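One structure below.
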Amino acid sequence: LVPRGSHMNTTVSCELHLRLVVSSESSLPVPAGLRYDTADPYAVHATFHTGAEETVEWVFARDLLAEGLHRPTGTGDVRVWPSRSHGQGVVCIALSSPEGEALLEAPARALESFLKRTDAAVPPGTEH
Amino acid sequence: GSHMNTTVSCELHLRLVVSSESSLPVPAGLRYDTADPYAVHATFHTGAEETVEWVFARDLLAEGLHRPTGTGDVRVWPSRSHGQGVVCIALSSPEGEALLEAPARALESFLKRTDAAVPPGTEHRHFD
Amino acid sequence: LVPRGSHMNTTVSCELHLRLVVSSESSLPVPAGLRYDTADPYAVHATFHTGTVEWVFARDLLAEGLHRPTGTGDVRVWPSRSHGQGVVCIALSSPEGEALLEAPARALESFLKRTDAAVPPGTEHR
Amino acid sequence: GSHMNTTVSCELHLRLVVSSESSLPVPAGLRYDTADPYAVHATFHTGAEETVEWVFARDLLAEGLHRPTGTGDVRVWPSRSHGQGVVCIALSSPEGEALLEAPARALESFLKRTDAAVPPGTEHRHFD
């Protein structure tokens with residue numbers, strides 16, 4: 001007989017509503033889920049409910065999202081930058097594929113709250 | 001509107017103490033959820049698809065590592081077996097009593113992860 | 001509608017035969033599987049067929065176990081030889097007891113070279 | 001002895017080019033396995049749960065990023081759409097031809113991971 005070992009897992013999960021920027025005038029509701037798992041401590045998994053059947057899933061560098069609160073960061077597929085809308089701070093996320101480009105606004109307080117919880121689980125600079 | 005949630009999940013193997021000589025394997029899952037920051041949800045696999053679900057005061061389990069204590073249906077105390085620390089957990093149903101040994105390293109590891117998520121004394125901050 | 005992203009993953013899988021050391025005289029066959037996934041870049045998932053038991057190893061613990069004795073708490077790993085080939089000895093501890101496994105060194109070292117190709121040690125950020 | 005295997009798997013979204021104007025979303029999976037180090041196995045989701053499976057010489061896909069080339073059933077060439085690089089893949093079967101656009105960034109990322117696993121010119125070492 002071989003003794004059994006142990007499995008720990010820490011998951012930080014956030015449910016948000018993002019606004020898809022259609023125009024200066026108009027925007028659409030995009031329910032979003034951010035998932036952080038200490039298993040994969042460099043990544044944040046975002047699932048967007050866009051009206052597509054099977055949903056859209058993106059993986060973000062946690063560090064990219066973290067500095068997106070303070071200054072504009074990101075090239076290729078993802079750009080992130082800070083701004084304000086309807087009298088509250090937001091993070092703007094610009095997603096690019098061959099299909100096209102789409103712009104999302106997230107509540108800043110909520111995004112930075114989620115990242116504080118992942119920092120508690122696994123502080124930046126502590127991936128071992 | 002925001003749903004933030006940190007979940008610490010642990011898979012352990014406990015021994016059900018049937019005699020001084022002999023014990024049985026009990027696969028267990030411990031789940032800590034910041035939604036309910038005072039509790040640990042344990043699922044015990046005692047039989048072929050026969051499951052028990054128990055809710056523990058996290059603080060009761062935490063003290064059970066270093067001294068003997070208890071409240072209501074649960075008594076917890078430290079001991080050693082095959083040269084490793086364990087926690088003995090005595091559960092009382094109305095009909096009768098069952099005694100479990102948990103690996104102390106594993107249990108203490110799980111509780112360190114929940115302490116990271118919600119340090120004891122800061123459980124009130126997750127009251128929605 | 002939001003543009004779609006990309007999700008790529010590298011998995012290194014190894015099938016090994018370990019000997020469970022019963023005595024100086026006797027040992028038992030333990031089929032084993034090591035899985036490395038870039039999803040979880042610090043770990044090696046070993047499934048041992050006792051007819052299964054699953055353990056998670058610090059890849060770095062296994063890597064250093066090829067050249068010197070390392071590990072405390074649940075797992076100790078160290079180099080040795082058996083039936084005229086190099087091995088890694090793995091000592092697994094629970095409250096149940098302790099069990100000792102011998103793995104082929106060449107095979108273990110080969111598996112780790114493939115995970116180092118996928119994710120060089122210290123390059124888990126990337 | 002041993003059965004050792006490295007698998008690189010990529011989840012991609014391709015556009016089936018039906019007209020100059022219009023295209024359709026085709027979820028795809030690319031799988032590279034060191035068992036078969038010269039090939040890429042692509043699964044295209046065209047239906048509610050109906051699939052097409054194609055095998056590519058990875059070297060054909062790799063060259064298709066930078067210049068137009070082709071062998072047998074497959075022609076591959078570079079282009080751009082909504083300001084991002086793509087690879088056009090023309091699959092010619094007895095039925096007819098389907099034309100696909102793949103994201104170049106994503107395809108080139110996938111091929112870098114297979115080059116890490118098995119650098120081109122070292123494919124003979126994985127012939128068991």
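To be explicit about the labels: the chains of the structure tokens are called A, B, and onward in the order shown, and within each one the residues are counted from 1, while ligands get numbers from 1 in the order they are shown.
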The coordinates of chain D, once least-squares superposed on chain B over all sequentially paired C-alpha atoms, should be supplied as a short mmCIF file (atom, residue, chain, number, x, y, z; two decimals) with C-alpha atoms, in the first residue's frame.
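File produced: selection.cif:
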data_model
loop_
_atom_site.label_atom_id
_atom_site.label_comp_id
_atom_site.auth_asym_id
_atom_site.auth_seq_id
_atom_site.Cartn_x
_atom_site.Cartn_y
_atom_site.Cartn_z
CA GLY D 1 -22.36 45.75 -7.70
CA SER D 2 -20.52 42.38 -7.55
CA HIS D 3 -20.67 38.77 -6.21
CA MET D 4 -17.05 38.13 -5.07
CA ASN D 5 -16.10 34.83 -3.39
CA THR D 6 -12.83 33.08 -2.37
CA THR D 7 -13.01 29.25 -1.96
CA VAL D 8 -10.24 27.13 -0.31
CA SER D 9 -10.84 23.40 -1.03
CA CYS D 10 -8.68 20.57 0.41
CA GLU D 11 -8.77 16.82 -0.44
CA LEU D 12 -7.70 14.78 2.63
CA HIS D 13 -7.72 11.09 3.70
CA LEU D 14 -8.86 10.47 7.31
CA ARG D 15 -8.88 7.19 9.28
CA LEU D 16 -12.15 6.21 11.05
CA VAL D 17 -10.92 4.66 14.39
CA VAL D 18 -13.07 1.48 14.79
CA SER D 19 -10.79 -0.18 17.45
CA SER D 20 -7.42 0.41 19.26
CA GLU D 21 -5.98 -2.03 16.61
CA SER D 22 -7.96 -1.16 13.43
CA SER D 23 -9.14 1.92 11.41
CA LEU D 24 -10.84 2.53 7.98
CA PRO D 25 -9.90 4.94 5.15
CA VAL D 26 -12.30 7.95 4.85
CA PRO D 27 -11.64 10.24 1.86
CA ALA D 28 -12.65 13.80 2.88
CA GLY D 29 -13.11 17.25 1.30
CA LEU D 30 -12.77 20.45 3.38
CA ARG D 31 -14.28 23.59 1.75
CA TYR D 32 -13.81 27.14 3.14
CA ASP D 33 -15.92 29.84 1.40
CA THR D 34 -15.66 33.61 2.26
CA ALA D 35 -19.50 33.74 1.91
CA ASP D 36 -19.53 31.78 5.28
CA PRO D 37 -16.18 32.87 6.84
CA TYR D 38 -16.66 31.21 10.31
CA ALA D 39 -17.30 27.63 8.96
CA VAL D 40 -15.51 24.65 7.32
CA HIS D 41 -17.74 22.27 5.25
CA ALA D 42 -16.35 18.67 5.42
CA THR D 43 -17.69 15.92 3.07
CA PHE D 44 -16.74 12.36 4.27
CA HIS D 45 -16.89 9.49 1.67
CA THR D 46 -17.98 6.43 3.77
CA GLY D 47 -19.69 4.50 0.90
CA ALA D 48 -19.45 3.34 -2.75
CA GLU D 49 -20.93 6.81 -3.61
CA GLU D 50 -22.54 7.67 -0.19
CA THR D 51 -21.43 10.83 1.68
CA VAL D 52 -21.76 12.48 5.13
CA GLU D 53 -21.60 16.32 5.36
CA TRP D 54 -20.59 18.15 8.60
CA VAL D 55 -20.12 21.91 9.23
CA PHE D 56 -17.33 22.95 11.67
CA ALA D 57 -16.47 26.35 13.15
CA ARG D 58 -13.01 26.71 11.53
CA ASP D 59 -11.81 28.22 14.91
CA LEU D 60 -12.70 24.86 16.63
CA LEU D 61 -10.57 22.87 14.09
CA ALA D 62 -7.75 25.50 14.36
CA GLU D 63 -7.45 25.10 18.17
CA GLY D 64 -7.73 21.29 17.85
CA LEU D 65 -4.21 21.19 16.32
CA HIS D 66 -2.55 22.32 19.63
CA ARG D 67 -4.98 21.58 22.57
CA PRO D 68 -8.07 19.49 23.38
CA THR D 69 -11.33 21.51 23.11
CA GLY D 70 -14.98 20.98 22.06
CA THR D 71 -18.44 22.55 21.60
CA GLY D 72 -21.88 20.94 20.96
CA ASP D 73 -21.62 17.83 18.71
CA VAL D 74 -17.77 17.98 18.24
CA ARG D 75 -14.68 17.25 20.41
CA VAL D 76 -11.21 17.87 18.85
CA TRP D 77 -7.71 17.05 20.28
CA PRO D 78 -4.10 16.44 19.13
CA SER D 79 -2.20 13.09 19.05
CA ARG D 80 0.46 11.25 16.91
CA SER D 81 0.48 8.02 14.79
CA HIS D 82 3.30 6.31 12.76
CA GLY D 83 5.55 9.21 13.89
CA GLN D 84 3.37 12.05 12.51
CA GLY D 85 1.01 14.53 14.21
CA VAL D 86 -2.80 14.07 13.80
CA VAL D 87 -6.04 15.79 14.99
CA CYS D 88 -8.66 13.43 16.50
CA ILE D 89 -12.29 14.52 15.73
CA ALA D 90 -15.13 12.92 17.78
CA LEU D 91 -18.54 13.60 16.11
CA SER D 92 -21.49 12.89 18.48
CA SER D 93 -24.96 12.54 16.91
CA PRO D 94 -28.21 10.82 18.02
CA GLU D 95 -27.03 7.63 16.15
CA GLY D 96 -23.84 7.44 18.31
CA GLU D 97 -20.21 8.68 17.90
CA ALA D 98 -17.66 8.31 15.03
CA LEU D 99 -13.96 9.12 15.82
CA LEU D 100 -11.69 10.43 12.99
CA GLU D 101 -7.90 11.04 12.76
CA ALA D 102 -6.85 13.84 10.33
CA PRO D 103 -3.25 14.51 9.19
CA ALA D 104 -2.10 17.62 11.18
CA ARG D 105 0.30 18.86 8.40
CA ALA D 106 -2.58 18.73 5.82
CA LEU D 107 -5.23 20.24 8.15
CA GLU D 108 -2.78 23.02 9.31
CA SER D 109 -1.85 23.72 5.62
CA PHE D 110 -5.60 24.05 4.70
CA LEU D 111 -6.22 26.46 7.66
CA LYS D 112 -3.15 28.63 6.70
CA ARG D 113 -4.80 29.09 3.22
CA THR D 114 -8.15 30.17 4.83
CA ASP D 115 -6.21 32.50 7.20
CA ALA D 116 -4.62 34.05 4.03
CA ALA D 117 -8.14 34.49 2.52
CA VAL D 118 -9.71 35.73 5.83
CA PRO D 119 -7.30 36.24 8.80
CA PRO D 120 -9.09 35.33 12.08
CA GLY D 121 -10.63 38.52 13.56
CA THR D 122 -11.33 39.93 10.05
CA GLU D 123 -14.34 37.57 9.37
CA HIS D 124 -16.80 40.55 9.74
CA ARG D 125 -15.44 42.17 6.50
CA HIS D 126 -16.81 39.19 4.43
CA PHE D 127 -20.33 39.52 5.98
CA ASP D 128 -22.16 40.82 2.81
#
Please build the interface table for chain C against chain B with a cut-off of 12 Å, listing for each qualifying residue the nearest atom pair and the distance in Å to one decimal; count only C-alpha atoms, order rows by chain and increasing number, and write it as JSON lines.
{"residue": "C:53", "atom": "CA", "partner": "B:13", "partner_atom": "CA", "distance": 10.8}
{"residue": "C:54", "atom": "CA", "partner": "B:11", "partner_atom": "CA", "distance": 10.8}
{"residue": "C:55", "atom": "CA", "partner": "B:11", "partner_atom": "CA", "distance": 11.1}
{"residue": "C:56", "atom": "CA", "partner": "B:11", "partner_atom": "CA", "distance": 11.8}
{"residue": "C:72", "atom": "CA", "partner": "B:105", "partner_atom": "CA", "distance": 11.5}
{"residue": "C:73", "atom": "CA", "partner": "B:105", "partner_atom": "CA", "distance": 7.9}
{"residue": "C:74", "atom": "CA", "partner": "B:105", "partner_atom": "CA", "distance": 8.5}
{"residue": "C:93", "atom": "CA", "partner": "B:84", "partner_atom": "CA", "distance": 8.3}
{"residue": "C:94", "atom": "CA", "partner": "B:84", "partner_atom": "CA", "distance": 7.0}
{"residue": "C:95", "atom": "CA", "partner": "B:82", "partner_atom": "CA", "distance": 5.4}
{"residue": "C:96", "atom": "CA", "partner": "B:82", "partner_atom": "CA", "distance": 6.6}
{"residue": "C:97", "atom": "CA", "partner": "B:82", "partner_atom": "CA", "distance": 5.4}
{"residue": "C:98", "atom": "CA", "partner": "B:82", "partner_atom": "CA", "distance": 8.0}
{"residue": "C:99", "atom": "CA", "partner": "B:82", "partner_atom": "CA", "distance": 11.7}
(Q) I need the residues in chain D that are strand (DSSP E or B) according to DSSP; give them as JSON, numbers by chain. (A) {"D": [3, 4, 5, 6, 7, 8, 9, 10, 11, 12, 13, 14, 15, 16, 17, 23, 24, 25, 26, 27, 28, 29, 30, 31, 32, 33, 39, 40, 41, 42, 43, 44, 45, 51, 52, 53, 54, 55, 56, 57, 69, 70, 71, 74, 75, 76, 77, 78, 79, 80, 81, 84, 85, 86, 87, 88, 89, 90, 91, 92, 97, 98, 99, 100, 101, 102, 103]}
Selection from above, C-alpha atoms, as a PDB file, in the first residue's frame, can you write it?
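File produced: part.pdb:
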ATOM      1  CA  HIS D   3       5.849   5.991 -22.794  1.00  0.00           C
ATOM      2  CA  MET D   4       6.788   9.724 -22.789  1.00  0.00           C
ATOM      3  CA  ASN D   5       4.688  12.246 -24.730  1.00  0.00           C
ATOM      4  CA  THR D   6       4.487  16.085 -24.964  1.00  0.00           C
ATOM      5  CA  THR D   7       1.138  17.534 -26.231  1.00  0.00           C
ATOM      6  CA  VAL D   8       0.658  21.212 -27.288  1.00  0.00           C
ATOM      7  CA  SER D   9      -3.095  21.998 -27.632  1.00  0.00           C
ATOM      8  CA  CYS D  10      -4.476  25.365 -28.855  1.00  0.00           C
ATOM      9  CA  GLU D  11      -8.124  26.582 -28.917  1.00  0.00           C
ATOM     10  CA  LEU D  12      -8.610  29.033 -31.826  1.00  0.00           C
ATOM     11  CA  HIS D  13     -11.564  30.721 -33.609  1.00  0.00           C
ATOM     12  CA  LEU D  14     -11.311  30.766 -37.441  1.00  0.00           C
ATOM     13  CA  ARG D  15     -13.603  32.494 -39.966  1.00  0.00           C
ATOM     14  CA  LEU D  16     -14.945  30.375 -42.884  1.00  0.00           C
ATOM     15  CA  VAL D  17     -14.859  32.844 -45.883  1.00  0.00           C
ATOM     16  CA  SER D  23     -17.708  34.840 -43.145  1.00  0.00           C
ATOM     17  CA  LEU D  24     -18.797  32.311 -40.427  1.00  0.00           C
ATOM     18  CA  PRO D  25     -17.275  31.544 -36.993  1.00  0.00           C
ATOM     19  CA  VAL D  26     -15.440  28.151 -36.857  1.00  0.00           C
ATOM     20  CA  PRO D  27     -14.156  27.160 -33.398  1.00  0.00           C
ATOM     21  CA  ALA D  28     -10.967  25.074 -33.907  1.00  0.00           C
ATOM     22  CA  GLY D  29      -8.544  22.944 -31.854  1.00  0.00           C
ATOM     23  CA  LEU D  30      -4.909  22.450 -32.958  1.00  0.00           C
ATOM     24  CA  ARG D  31      -3.111  19.490 -31.289  1.00  0.00           C
ATOM     25  CA  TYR D  32       0.659  18.811 -31.636  1.00  0.00           C
ATOM     26  CA  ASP D  33       1.837  15.474 -30.149  1.00  0.00           C
ATOM     27  CA  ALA D  39       1.878  16.830 -38.032  1.00  0.00           C
ATOM     28  CA  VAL D  40      -0.747  19.237 -36.577  1.00  0.00           C
ATOM     29  CA  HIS D  41      -4.248  17.732 -35.927  1.00  0.00           C
ATOM     30  CA  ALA D  42      -6.963  20.429 -36.401  1.00  0.00           C
ATOM     31  CA  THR D  43     -10.603  19.796 -35.284  1.00  0.00           C
ATOM     32  CA  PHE D  44     -13.091  22.323 -36.835  1.00  0.00           C
ATOM     33  CA  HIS D  45     -16.538  22.739 -35.123  1.00  0.00           C
ATOM     34  CA  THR D  51     -16.770  18.175 -36.340  1.00  0.00           C
ATOM     35  CA  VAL D  52     -14.287  18.005 -39.263  1.00  0.00           C
ATOM     36  CA  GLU D  53     -10.731  16.678 -38.589  1.00  0.00           C
ATOM     37  CA  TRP D  54      -7.737  17.577 -40.836  1.00  0.00           C
ATOM     38  CA  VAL D  55      -4.032  16.653 -40.448  1.00  0.00           C
ATOM     39  CA  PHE D  56      -1.438  19.272 -41.546  1.00  0.00           C
ATOM     40  CA  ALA D  57       2.348  19.029 -41.879  1.00  0.00           C
ATOM     41  CA  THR D  69       2.863  27.772 -50.384  1.00  0.00           C
ATOM     42  CA  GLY D  70       0.907  24.500 -50.741  1.00  0.00           C
ATOM     43  CA  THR D  71       1.070  20.698 -51.121  1.00  0.00           C
ATOM     44  CA  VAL D  74      -3.890  22.340 -48.800  1.00  0.00           C
ATOM     45  CA  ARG D  75      -2.856  25.871 -49.934  1.00  0.00           C
ATOM     46  CA  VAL D  76      -1.720  28.363 -47.224  1.00  0.00           C
ATOM     47  CA  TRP D  77      -0.882  32.121 -47.553  1.00  0.00           C
ATOM     48  CA  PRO D  78      -0.662  35.313 -45.440  1.00  0.00           C
ATOM     49  CA  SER D  79      -3.082  38.315 -45.468  1.00  0.00           C
ATOM     50  CA  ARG D  80      -4.579  40.926 -43.018  1.00  0.00           C
ATOM     51  CA  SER D  81      -8.139  41.750 -41.755  1.00  0.00           C
ATOM     52  CA  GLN D  84      -4.369  42.206 -37.838  1.00  0.00           C
ATOM     53  CA  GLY D  85      -2.350  39.505 -39.644  1.00  0.00           C
ATOM     54  CA  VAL D  86      -4.090  36.206 -40.623  1.00  0.00           C
ATOM     55  CA  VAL D  87      -3.195  32.915 -42.414  1.00  0.00           C
ATOM     56  CA  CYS D  88      -5.638  31.857 -45.182  1.00  0.00           C
ATOM     57  CA  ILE D  89      -6.054  28.024 -45.434  1.00  0.00           C
ATOM     58  CA  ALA D  90      -7.714  26.596 -48.601  1.00  0.00           C
ATOM     59  CA  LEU D  91      -8.722  22.911 -48.039  1.00  0.00           C
ATOM     60  CA  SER D  92      -9.517  21.104 -51.349  1.00  0.00           C
ATOM     61  CA  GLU D  97     -13.065  23.782 -51.306  1.00  0.00           C
ATOM     62  CA  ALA D  98     -13.518  25.548 -47.911  1.00  0.00           C
ATOM     63  CA  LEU D  99     -11.367  28.696 -47.234  1.00  0.00           C
ATOM     64  CA  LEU D 100     -10.405  29.553 -43.601  1.00  0.00           C
ATOM     65  CA  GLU D 101      -8.739  32.630 -42.009  1.00  0.00           C
ATOM     66  CA  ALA D 102      -6.693  31.909 -38.822  1.00  0.00           C
ATOM     67  CA  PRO D 103      -5.332  34.589 -36.442  1.00  0.00           C
TER      68      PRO D 103
END
Using only C-alpha atoms, tabulate the residues of chain A lying at most 9 Å from any atom of chain C, each with its closest atom pair and that distance in Å to one decimal, by chain and increasing residue number, as JSON lines.
{"residue": "A:1", "atom": "CA", "partner": "C:50", "partner_atom": "CA", "distance": 6.7}
{"residue": "A:2", "atom": "CA", "partner": "C:99", "partner_atom": "CA", "distance": 5.8}
{"residue": "A:3", "atom": "CA", "partner": "C:94", "partner_atom": "CA", "distance": 5.7}
{"residue": "A:4", "atom": "CA", "partner": "C:53", "partner_atom": "CA", "distance": 5.8}
{"residue": "A:5", "atom": "CA", "partner": "C:55", "partner_atom": "CA", "distance": 5.4}
{"residue": "A:6", "atom": "CA", "partner": "C:55", "partner_atom": "CA", "distance": 7.1}
{"residue": "A:7", "atom": "CA", "partner": "C:56", "partner_atom": "CA", "distance": 7.4}
{"residue": "A:20", "atom": "CA", "partner": "C:2", "partner_atom": "CA", "distance": 8.5}
{"residue": "A:38", "atom": "CA", "partner": "C:40", "partner_atom": "CA", "distance": 8.5}
{"residue": "A:39", "atom": "CA", "partner": "C:40", "partner_atom": "CA", "distance": 4.9}
{"residue": "A:40", "atom": "CA", "partner": "C:40", "partner_atom": "CA", "distance": 5.2}
{"residue": "A:41", "atom": "CA", "partner": "C:40", "partner_atom": "CA", "distance": 8.3}
{"residue": "A:42", "atom": "CA", "partner": "C:125", "partner_atom": "CA", "distance": 6.0}
{"residue": "A:48", "atom": "CA", "partner": "C:2", "partner_atom": "CA", "distance": 8.0}
{"residue": "A:49", "atom": "CA", "partner": "C:2", "partner_atom": "CA", "distance": 9.0}
{"residue": "A:50", "atom": "CA", "partner": "C:1", "partner_atom": "CA", "distance": 5.4}
{"residue": "A:51", "atom": "CA", "partner": "C:1", "partner_atom": "CA", "distance": 6.9}
{"residue": "A:52", "atom": "CA", "partner": "C:1", "partner_atom": "CA", "distance": 7.1}
{"residue": "A:55", "atom": "CA", "partner": "C:4", "partner_atom": "CA", "distance": 8.9}
{"residue": "A:56", "atom": "CA", "partner": "C:4", "partner_atom": "CA", "distance": 5.7}
{"residue": "A:57", "atom": "CA", "partner": "C:5", "partner_atom": "CA", "distance": 6.5}
{"residue": "A:58", "atom": "CA", "partner": "C:5", "partner_atom": "CA", "distance": 5.2}
{"residue": "A:59", "atom": "CA", "partner": "C:7", "partner_atom": "CA", "distance": 7.3}
{"residue": "A:77", "atom": "CA", "partner": "C:5", "partner_atom": "CA", "distance": 8.0}
{"residue": "A:95", "atom": "CA", "partner": "C:3", "partner_atom": "CA", "distance": 6.4}
{"residue": "A:96", "atom": "CA", "partner": "C:3", "partner_atom": "CA", "distance": 6.2}
{"residue": "A:97", "atom": "CA", "partner": "C:3", "partner_atom": "CA", "distance": 5.5}
{"residue": "A:98", "atom": "CA", "partner": "C:3", "partner_atom": "CA", "distance": 8.1}
{"residue": "A:99", "atom": "CA", "partner": "C:3", "partner_atom": "CA", "distance": 6.1}
{"residue": "A:100", "atom": "CA", "partner": "C:3", "partner_atom": "CA", "distance": 6.2}
{"residue": "A:101", "atom": "CA", "partner": "C:3", "partner_atom": "CA", "distance": 6.5}
{"residue": "A:102", "atom": "CA", "partner": "C:2", "partner_atom": "CA", "distance": 5.7}
{"residue": "A:103", "atom": "CA", "partner": "C:2", "partner_atom": "CA", "distance": 8.3}
{"residue": "A:104", "atom": "CA", "partner": "C:2", "partner_atom": "CA", "distance": 8.9}
{"residue": "A:127", "atom": "CA", "partner": "C:125", "partner_atom": "CA", "distance": 8.3}
{"residue": "A:128", "atom": "CA", "partner": "C:42", "partner_atom": "CA", "distance": 7.0}
Q | Of the listed residues A:124, A:74, A:107, A:68, that which approaches chain B most closely, counting only C-alpha atoms | A | A:107
Q: Give me, as a PyMOL selection string, the contact residues of chain A against chain B at a cut-off of 6 Å, counting only C-alpha atoms.
A: chain A and resi 6-16+120
Q.
Just the number, please: distance in Å from atom CA of residue 102 of chain C to atom CA of residue 118 of chain C, one decimal.
A. 25.8 Å
